[PDB]
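Heads up, input-v9.txt below (compact mmCIF, C-alpha atoms and all ligand atoms):
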```txt
# COMPACT_ATOMS: atom_id res chain seq x y z
CA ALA A 113 -52.37 -17.10 66.58
CA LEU A 114 -53.36 -17.15 62.84
CA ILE A 115 -55.18 -14.07 61.65
CA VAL A 116 -58.98 -14.37 61.56
CA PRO A 117 -60.64 -14.28 59.09
CA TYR A 118 -58.33 -16.95 57.67
CA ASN A 119 -58.36 -18.45 54.19
CA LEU A 120 -57.03 -21.99 53.81
CA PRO A 121 -56.59 -22.89 50.10
CA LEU A 122 -57.72 -26.42 49.29
CA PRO A 123 -55.60 -27.19 46.20
CA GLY A 124 -57.67 -28.92 43.54
CA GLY A 125 -60.74 -28.78 45.78
CA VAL A 126 -61.98 -31.44 48.11
CA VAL A 127 -62.29 -35.14 47.59
CA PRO A 128 -63.54 -38.06 49.70
CA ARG A 129 -60.89 -39.05 52.28
CA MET A 130 -59.74 -35.48 52.79
CA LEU A 131 -59.76 -34.52 56.48
CA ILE A 132 -59.65 -30.86 57.50
CA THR A 133 -58.63 -30.13 61.12
CA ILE A 134 -59.14 -26.73 62.80
CA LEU A 135 -57.76 -26.06 66.29
CA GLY A 136 -58.65 -22.92 68.16
CA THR A 137 -60.02 -21.42 71.35
CA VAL A 138 -63.40 -19.72 71.58
CA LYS A 139 -63.21 -16.07 72.72
CA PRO A 140 -64.75 -15.41 76.12
CA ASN A 141 -67.93 -13.63 75.13
CA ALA A 142 -68.45 -15.40 71.87
CA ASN A 143 -71.36 -14.72 69.57
CA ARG A 144 -70.61 -16.58 66.31
CA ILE A 145 -68.13 -18.77 64.43
CA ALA A 146 -68.19 -19.74 60.75
CA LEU A 147 -66.45 -22.23 58.50
CA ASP A 148 -67.13 -21.61 54.79
CA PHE A 149 -66.10 -24.23 52.23
CA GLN A 150 -66.25 -22.07 49.13
CA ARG A 151 -66.61 -22.67 45.40
CA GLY A 152 -65.72 -19.20 44.11
CA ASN A 153 -68.39 -16.87 45.49
CA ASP A 154 -70.63 -19.84 46.38
CA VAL A 155 -70.53 -21.45 49.81
CA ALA A 156 -70.81 -25.21 49.40
CA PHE A 157 -70.89 -25.81 53.18
CA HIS A 158 -71.37 -23.10 55.80
CA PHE A 159 -70.95 -24.40 59.38
CA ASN A 160 -72.07 -21.66 61.79
CA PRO A 161 -72.17 -21.98 65.59
CA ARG A 162 -74.43 -19.26 67.03
CA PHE A 163 -74.01 -18.70 70.76
CA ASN A 164 -77.08 -16.46 71.25
CA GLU A 165 -79.90 -16.84 68.79
CA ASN A 166 -82.92 -15.84 70.92
CA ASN A 167 -80.95 -17.01 73.99
CA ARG A 168 -80.27 -20.44 72.54
CA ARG A 169 -77.08 -21.97 71.19
CA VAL A 170 -77.45 -23.64 67.77
CA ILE A 171 -75.29 -24.67 64.85
CA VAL A 172 -76.67 -23.58 61.50
CA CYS A 173 -75.48 -25.22 58.30
CA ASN A 174 -76.37 -24.09 54.78
CA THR A 175 -75.24 -23.47 51.20
CA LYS A 176 -75.10 -20.13 49.36
CA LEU A 177 -75.62 -20.19 45.57
CA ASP A 178 -75.55 -16.98 43.50
CA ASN A 179 -75.76 -14.98 46.79
CA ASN A 180 -78.87 -16.86 47.98
CA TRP A 181 -78.87 -18.92 51.15
CA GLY A 182 -80.74 -22.18 50.91
CA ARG A 183 -82.66 -24.31 53.44
CA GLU A 184 -80.88 -24.23 56.83
CA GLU A 185 -80.05 -27.50 58.61
CA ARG A 186 -79.93 -27.02 62.37
CA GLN A 187 -78.25 -28.94 65.21
CA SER A 188 -78.89 -28.07 68.91
CA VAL A 189 -76.04 -30.35 70.09
CA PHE A 190 -73.58 -27.53 70.77
CA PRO A 191 -70.14 -28.69 71.90
CA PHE A 192 -68.45 -25.24 71.90
CA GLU A 193 -67.98 -23.14 75.06
CA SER A 194 -66.81 -19.61 75.43
CA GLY A 195 -63.17 -19.45 76.54
CA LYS A 196 -62.45 -23.18 75.81
CA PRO A 197 -60.12 -24.88 73.24
CA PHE A 198 -61.75 -26.99 70.55
CA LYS A 199 -60.90 -29.24 67.63
CA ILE A 200 -63.13 -29.38 64.55
CA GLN A 201 -62.55 -32.27 62.13
CA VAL A 202 -64.37 -32.15 58.79
CA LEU A 203 -64.05 -35.41 56.85
CA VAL A 204 -65.17 -35.35 53.24
CA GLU A 205 -67.13 -38.50 52.47
CA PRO A 206 -68.73 -39.49 49.19
CA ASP A 207 -72.40 -38.17 50.08
CA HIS A 208 -71.59 -35.65 52.86
CA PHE A 209 -69.25 -33.63 54.98
CA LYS A 210 -68.91 -35.42 58.35
CA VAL A 211 -68.09 -33.16 61.29
CA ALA A 212 -66.69 -34.17 64.68
CA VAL A 213 -65.88 -31.72 67.48
CA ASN A 214 -63.49 -32.71 70.28
CA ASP A 215 -63.47 -36.28 68.85
CA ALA A 216 -67.29 -36.71 69.07
CA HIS A 217 -69.39 -36.96 65.94
CA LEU A 218 -71.58 -33.88 65.61
CA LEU A 219 -73.38 -33.79 62.26
CA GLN A 220 -73.23 -34.59 58.59
CA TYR A 221 -74.17 -32.31 55.70
CA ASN A 222 -75.19 -33.86 52.37
CA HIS A 223 -73.39 -32.47 49.31
CA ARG A 224 -75.52 -29.86 47.57
CA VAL A 225 -72.57 -28.54 45.53
CA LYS A 226 -71.59 -31.58 43.38
CA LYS A 227 -68.30 -30.29 41.90
CA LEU A 228 -66.17 -31.18 44.86
CA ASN A 229 -62.86 -30.43 43.12
CA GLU A 230 -64.06 -26.81 42.67
CA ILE A 231 -64.53 -26.29 46.46
CA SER A 232 -61.04 -24.90 46.72
CA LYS A 233 -61.07 -22.49 49.71
CA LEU A 234 -61.99 -22.77 53.38
CA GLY A 235 -62.73 -19.50 55.16
CA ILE A 236 -62.60 -19.42 58.97
CA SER A 237 -64.20 -16.42 60.71
CA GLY A 238 -65.69 -15.25 63.95
CA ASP A 239 -65.08 -15.28 67.63
CA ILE A 240 -62.04 -17.54 68.00
CA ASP A 241 -58.32 -17.48 68.51
CA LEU A 242 -57.22 -19.70 65.60
CA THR A 243 -54.29 -21.98 66.41
CA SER A 244 -54.03 -24.10 63.25
CA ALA A 245 -55.89 -25.10 60.10
CA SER A 246 -54.66 -28.01 58.00
CA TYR A 247 -55.66 -31.01 55.90
CA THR A 248 -54.51 -34.55 55.29
CA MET A 249 -55.68 -37.61 53.30
CA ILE A 250 -56.92 -40.60 55.48
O1 LIG B 1 -78.46 -19.60 56.45
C1 LIG B 1 -77.17 -19.19 56.94
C2 LIG B 1 -77.01 -17.69 56.90
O2 LIG B 1 -77.98 -17.16 57.83
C3 LIG B 1 -77.98 -15.72 57.90
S1 LIG B 1 -78.57 -14.92 56.37
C4 LIG B 1 -80.16 -15.65 56.23
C5 LIG B 1 -81.27 -14.87 56.58
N1 LIG B 1 -82.49 -15.39 56.37
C6 LIG B 1 -82.66 -16.69 55.96
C7 LIG B 1 -81.63 -17.47 55.64
BR1 LIG B 1 -81.96 -19.15 54.95
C8 LIG B 1 -80.37 -16.95 55.76
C9 LIG B 1 -76.61 -15.20 58.29
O3 LIG B 1 -76.60 -13.77 58.25
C10 LIG B 1 -75.57 -15.78 57.35
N2 LIG B 1 -74.25 -15.29 57.73
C11 LIG B 1 -73.51 -15.47 58.81
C12 LIG B 1 -72.32 -14.83 58.60
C13 LIG B 1 -71.13 -14.79 59.44
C14 LIG B 1 -70.13 -13.88 59.16
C15 LIG B 1 -68.94 -13.86 59.91
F1 LIG B 1 -67.96 -13.05 59.66
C16 LIG B 1 -68.85 -14.70 61.02
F2 LIG B 1 -67.73 -14.64 61.78
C17 LIG B 1 -69.84 -15.59 61.27
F3 LIG B 1 -69.66 -16.44 62.31
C18 LIG B 1 -70.96 -15.64 60.51
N3 LIG B 1 -72.37 -14.28 57.40
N4 LIG B 1 -73.55 -14.53 56.84
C19 LIG B 1 -75.62 -17.29 57.35
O4 LIG B 1 -75.31 -17.78 58.63
CL CL B 2 -86.80 -26.23 56.98
CL CL B 3 -72.09 -28.05 41.54
CL CL B 4 -52.27 -28.55 55.44
```
Can you present the structure in this file as structure tokens?
Amino acid sequence: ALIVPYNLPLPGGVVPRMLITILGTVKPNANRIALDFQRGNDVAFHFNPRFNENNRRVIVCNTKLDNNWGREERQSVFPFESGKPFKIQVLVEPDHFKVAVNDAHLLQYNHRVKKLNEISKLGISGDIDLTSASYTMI
């Protein structure tokens, strides 16, 4: 297993047509997972499954600018399950990140951070065993 938290450099940032694939297994008693597409200290796209927020499962997405979190975008479709293997695919498209989990479209997140070629790190944290993290151009 890769060490979590894991940093995946994204050389030259992101660009439309870039597909990021994360394979892992959720830990059995999971509480939280996060993917952080970072522009230096800023978080262009935070993708955050929460397994127990007031006894509900929700994915929270947001952006952090100068240490300030913005307006959350929330999705109650929640494909993750404690103990189970997953695949997250994040496709960069011109207006948004497009996320599919286990081959089913989940959500899109409109670009707030405009300088895509400065989004040059992906952090992966939380309650997973991380198998692989990679990218390719489609
Ligand atoms: O709006 C999103 C923010 O919400 C709140 S902060 C917030 C409070 N009030 C309003 C807003 Br808007 C935001 C959280 O505390 C933030 N957050 C979560 C994590 C985190 C850290 C990990 F190591 C990890 F494994 C993980 F899965 C998640 N770090 N920071 C972030 O999710
Ligand atoms: Cl709102
Ligand atoms: Cl920007
Ligand atoms: Cl790669």
Checklist entry - By how many Å are CA of residue 235 (chain A) and atom CL of ligand CL 2 (chain B) apart? => result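 Distance reported for this atom pair: 25.1 Å.
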Next on the checklist: Taking all atoms listed in the file into account, which residues have an atom no farther than 6 Å from ligand LIG 1 (chain B)? I'd like them as a PyMOL selection string.
Outcome noted: chain A and resi 144-146+160+174+181-184+237-238
Find the nearest atom pair between each residue of chain A and ligand CL 3 (chain B) for residues within 10 Å, count only C-alpha atoms and all ligand atoms, give distances in Å to one decimal, sort rows by chain and ascending number, and present the table as CSV.
```
residue,atom,partner,partner_atom,distance
A:151,CA,B:CL3,CL,8.6
A:154,CA,B:CL3,CL,9.6
A:156,CA,B:CL3,CL,8.5
A:177,CA,B:CL3,CL,9.5
A:223,CA,B:CL3,CL,9.0
A:224,CA,B:CL3,CL,7.2
A:225,CA,B:CL3,CL,4.0
A:226,CA,B:CL3,CL,4.0
A:227,CA,B:CL3,CL,4.4
A:228,CA,B:CL3,CL,7.5
A:229,CA,B:CL3,CL,9.7
A:230,CA,B:CL3,CL,8.2
A:231,CA,B:CL3,CL,9.2
```
Checklist outcome for this item: Using all atoms listed in the file, the shortest atom-to-atom distance to residue 147 (chain A) among A:248, A:164, A:214, A:133 belongs to A:133
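The binding environment of ligand CL 4 (chain B), defined as every protein, DNA or RNA residue with an atom no more than 12 Å away and counting all atoms listed in the file, comprises residues 119, 120, 121, 122, 123, 130, 131, 132, 133, 134, 234, 244, 245, 246, 247, 248 and 249 of chain A.
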Checklist entry - Which residues, written as a VMD selection string, have at least one atom at most 9 Å from residue 211 (chain A), with all atoms listed in the file counted and residues fewer than 5 positions away on the same chain left out? => result chain A and resid 200 to 204 216 to 221
Checklist entry - Skipping near chain neighbours, those fewer than 3 positions away, what residues fall within 6 Å of region 136-139 of chain A using all atoms listed in the file, listed as a ChimeraX atom specification? => result /A:142,194-198,239-243
Item to check | Point-to-point distance from CA of residue 117 (chain A) to CA of residue 161 (chain A), Å rounded to tenths | outcome: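 Computing it gives 15.3 Å between the two atoms.
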Item to check | Point-to-point distance in Å for CA of residue 207 (chain A) and CA of residue 222 (chain A) | outcome: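 Interatomic distance, CA of residue 222 (chain A) to CA of residue 207 (chain A): 5.6 Å.
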Checklist entry - Which residue, A:129, A:186, A:233, A:168, has the smallest gap to residue 208 (chain A) when you use only C-alpha atoms? => result A:129
Item to check | Pick from A:206, A:148, A:140, A:127 nearest to residue 163 (chain A), counting all atoms listed in the file | outcome: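 So, comparing all the options, the nearest one is A:140.
Among the candidate residues A:166, A:178, A:173, A:250, the one lying nearest to ligand CL 2 (chain B) is A:173, with distances computed using all atoms listed in the file.
Counting all atoms listed in the file, the residue from A:212, A:179, A:172, A:191 that sits nearest to ligand CL 2 (chain B) is A:172.
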Next on the checklist: Give me, as an MDAnalysis selection string, all polymer residues having an atom no more than 7 Å from region 187-190 of chain A, counting only C-alpha atoms and skipping those fewer than 4 positions away in the same chain.
Outcome noted: chainID A and resid 169:172
Checklist entry - Which of these residues is nearest to ligand CL 2 (chain B), using all atoms listed in the file: A:232, A:185, A:167, A:192? => result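 With all atoms listed in the file as the atom set, the closest residue is A:185.
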Could you give me region 126-161 of chain A completed to N, CA and C atoms, formatted as a PDB file, keeping the file's coordinate frame?
```pdb
ATOM      1  N   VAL A 126     -61.841 -30.320  47.169  1.00  0.00           N
ATOM      2  CA  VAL A 126     -61.980 -31.440  48.110  1.00  0.00           C
ATOM      3  C   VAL A 126     -62.278 -32.712  47.402  1.00  0.00           C
ATOM      4  N   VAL A 127     -62.153 -33.799  48.121  1.00  0.00           N
ATOM      5  CA  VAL A 127     -62.290 -35.140  47.590  1.00  0.00           C
ATOM      6  C   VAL A 127     -62.597 -36.023  48.766  1.00  0.00           C
ATOM      7  N   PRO A 128     -63.350 -37.132  48.581  1.00  0.00           N
ATOM      8  CA  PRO A 128     -63.540 -38.060  49.700  1.00  0.00           C
ATOM      9  C   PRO A 128     -62.148 -38.527  50.206  1.00  0.00           C
ATOM     10  N   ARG A 129     -62.097 -38.674  51.529  1.00  0.00           N
ATOM     11  CA  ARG A 129     -60.890 -39.050  52.280  1.00  0.00           C
ATOM     12  C   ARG A 129     -60.081 -37.887  52.736  1.00  0.00           C
ATOM     13  N   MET A 130     -60.440 -36.666  52.315  1.00  0.00           N
ATOM     14  CA  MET A 130     -59.740 -35.480  52.790  1.00  0.00           C
ATOM     15  C   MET A 130     -60.308 -35.051  54.129  1.00  0.00           C
ATOM     16  N   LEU A 131     -59.438 -34.908  55.102  1.00  0.00           N
ATOM     17  CA  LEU A 131     -59.760 -34.520  56.480  1.00  0.00           C
ATOM     18  C   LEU A 131     -59.182 -33.148  56.762  1.00  0.00           C
ATOM     19  N   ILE A 132     -60.040 -32.207  57.137  1.00  0.00           N
ATOM     20  CA  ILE A 132     -59.650 -30.860  57.500  1.00  0.00           C
ATOM     21  C   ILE A 132     -59.733 -30.781  59.012  1.00  0.00           C
ATOM     22  N   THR A 133     -58.697 -30.271  59.636  1.00  0.00           N
ATOM     23  CA  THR A 133     -58.630 -30.130  61.120  1.00  0.00           C
ATOM     24  C   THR A 133     -58.385 -28.684  61.469  1.00  0.00           C
ATOM     25  N   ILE A 134     -59.245 -28.121  62.315  1.00  0.00           N
ATOM     26  CA  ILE A 134     -59.140 -26.730  62.800  1.00  0.00           C
ATOM     27  C   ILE A 134     -58.993 -26.791  64.332  1.00  0.00           C
ATOM     28  N   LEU A 135     -57.938 -26.196  64.843  1.00  0.00           N
ATOM     29  CA  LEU A 135     -57.760 -26.060  66.290  1.00  0.00           C
ATOM     30  C   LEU A 135     -57.843 -24.588  66.636  1.00  0.00           C
ATOM     31  N   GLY A 136     -58.582 -24.258  67.669  1.00  0.00           N
ATOM     32  CA  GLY A 136     -58.650 -22.920  68.160  1.00  0.00           C
ATOM     33  C   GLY A 136     -59.234 -22.875  69.550  1.00  0.00           C
ATOM     34  N   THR A 137     -59.407 -21.664  70.043  1.00  0.00           N
ATOM     35  CA  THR A 137     -60.020 -21.420  71.350  1.00  0.00           C
ATOM     36  C   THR A 137     -61.131 -20.420  71.151  1.00  0.00           C
ATOM     37  N   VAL A 138     -62.305 -20.691  71.696  1.00  0.00           N
ATOM     38  CA  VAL A 138     -63.400 -19.720  71.580  1.00  0.00           C
ATOM     39  C   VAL A 138     -63.104 -18.515  72.452  1.00  0.00           C
ATOM     40  N   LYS A 139     -63.346 -17.310  71.946  1.00  0.00           N
ATOM     41  CA  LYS A 139     -63.210 -16.070  72.720  1.00  0.00           C
ATOM     42  C   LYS A 139     -64.155 -16.074  73.892  1.00  0.00           C
ATOM     43  N   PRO A 140     -63.883 -15.294  74.965  1.00  0.00           N
ATOM     44  CA  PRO A 140     -64.750 -15.410  76.120  1.00  0.00           C
ATOM     45  C   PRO A 140     -66.206 -14.964  76.000  1.00  0.00           C
ATOM     46  N   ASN A 141     -66.511 -14.049  75.107  1.00  0.00           N
ATOM     47  CA  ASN A 141     -67.930 -13.630  75.130  1.00  0.00           C
ATOM     48  C   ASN A 141     -68.588 -14.016  73.825  1.00  0.00           C
ATOM     49  N   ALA A 142     -68.341 -15.210  73.317  1.00  0.00           N
ATOM     50  CA  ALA A 142     -68.450 -15.400  71.870  1.00  0.00           C
ATOM     51  C   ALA A 142     -69.873 -15.232  71.445  1.00  0.00           C
ATOM     52  N   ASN A 143     -70.045 -14.769  70.213  1.00  0.00           N
ATOM     53  CA  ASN A 143     -71.360 -14.720  69.570  1.00  0.00           C
ATOM     54  C   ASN A 143     -71.475 -15.694  68.390  1.00  0.00           C
ATOM     55  N   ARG A 144     -70.472 -15.817  67.560  1.00  0.00           N
ATOM     56  CA  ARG A 144     -70.610 -16.580  66.310  1.00  0.00           C
ATOM     57  C   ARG A 144     -69.262 -17.080  65.854  1.00  0.00           C
ATOM     58  N   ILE A 145     -69.282 -18.189  65.129  1.00  0.00           N
ATOM     59  CA  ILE A 145     -68.130 -18.770  64.430  1.00  0.00           C
ATOM     60  C   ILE A 145     -68.645 -19.199  63.050  1.00  0.00           C
ATOM     61  N   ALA A 146     -67.797 -19.154  62.027  1.00  0.00           N
ATOM     62  CA  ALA A 146     -68.190 -19.740  60.750  1.00  0.00           C
ATOM     63  C   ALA A 146     -67.013 -20.406  60.058  1.00  0.00           C
ATOM     64  N   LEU A 147     -67.292 -21.572  59.515  1.00  0.00           N
ATOM     65  CA  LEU A 147     -66.450 -22.230  58.500  1.00  0.00           C
ATOM     66  C   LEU A 147     -67.206 -22.166  57.179  1.00  0.00           C
ATOM     67  N   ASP A 148     -66.527 -21.738  56.134  1.00  0.00           N
ATOM     68  CA  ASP A 148     -67.130 -21.610  54.790  1.00  0.00           C
ATOM     69  C   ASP A 148     -66.270 -22.340  53.791  1.00  0.00           C
ATOM     70  N   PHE A 149     -66.725 -23.519  53.349  1.00  0.00           N
ATOM     71  CA  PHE A 149     -66.100 -24.230  52.230  1.00  0.00           C
ATOM     72  C   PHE A 149     -66.666 -23.628  50.971  1.00  0.00           C
ATOM     73  N   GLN A 150     -65.809 -22.915  50.229  1.00  0.00           N
ATOM     74  CA  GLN A 150     -66.250 -22.070  49.130  1.00  0.00           C
ATOM     75  C   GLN A 150     -65.885 -22.627  47.770  1.00  0.00           C
ATOM     76  N   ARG A 151     -66.809 -22.433  46.825  1.00  0.00           N
ATOM     77  CA  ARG A 151     -66.610 -22.670  45.400  1.00  0.00           C
ATOM     78  C   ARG A 151     -66.753 -21.312  44.712  1.00  0.00           C
ATOM     79  N   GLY A 152     -65.636 -20.610  44.522  1.00  0.00           N
ATOM     80  CA  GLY A 152     -65.720 -19.200  44.110  1.00  0.00           C
ATOM     81  C   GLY A 152     -66.537 -18.411  45.111  1.00  0.00           C
ATOM     82  N   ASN A 153     -67.493 -17.640  44.619  1.00  0.00           N
ATOM     83  CA  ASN A 153     -68.390 -16.870  45.490  1.00  0.00           C
ATOM     84  C   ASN A 153     -69.444 -17.750  46.168  1.00  0.00           C
ATOM     85  N   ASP A 154     -69.659 -18.968  45.729  1.00  0.00           N
ATOM     86  CA  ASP A 154     -70.630 -19.840  46.380  1.00  0.00           C
ATOM     87  C   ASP A 154     -70.048 -20.439  47.638  1.00  0.00           C
ATOM     88  N   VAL A 155     -70.922 -20.748  48.574  1.00  0.00           N
ATOM     89  CA  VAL A 155     -70.530 -21.450  49.810  1.00  0.00           C
ATOM     90  C   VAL A 155     -71.147 -22.827  49.732  1.00  0.00           C
ATOM     91  N   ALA A 156     -70.328 -23.841  49.439  1.00  0.00           N
ATOM     92  CA  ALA A 156     -70.810 -25.210  49.400  1.00  0.00           C
ATOM     93  C   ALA A 156     -71.301 -25.679  50.759  1.00  0.00           C
ATOM     94  N   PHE A 157     -70.548 -25.349  51.806  1.00  0.00           N
ATOM     95  CA  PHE A 157     -70.890 -25.810  53.180  1.00  0.00           C
ATOM     96  C   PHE A 157     -70.489 -24.701  54.125  1.00  0.00           C
ATOM     97  N   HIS A 158     -71.483 -24.098  54.727  1.00  0.00           N
ATOM     98  CA  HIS A 158     -71.370 -23.100  55.800  1.00  0.00           C
ATOM     99  C   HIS A 158     -71.737 -23.821  57.100  1.00  0.00           C
ATOM    100  N   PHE A 159     -70.818 -23.767  58.061  1.00  0.00           N
ATOM    101  CA  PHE A 159     -70.950 -24.400  59.380  1.00  0.00           C
ATOM    102  C   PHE A 159     -70.874 -23.260  60.388  1.00  0.00           C
ATOM    103  N   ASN A 160     -71.951 -22.954  61.069  1.00  0.00           N
ATOM    104  CA  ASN A 160     -72.070 -21.660  61.790  1.00  0.00           C
ATOM    105  C   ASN A 160     -72.641 -21.845  63.189  1.00  0.00           C
ATOM    106  N   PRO A 161     -71.784 -22.097  64.185  1.00  0.00           N
ATOM    107  CA  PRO A 161     -72.170 -21.980  65.590  1.00  0.00           C
ATOM    108  C   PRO A 161     -72.620 -20.566  65.924  1.00  0.00           C
TER     109      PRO A 161
END
```
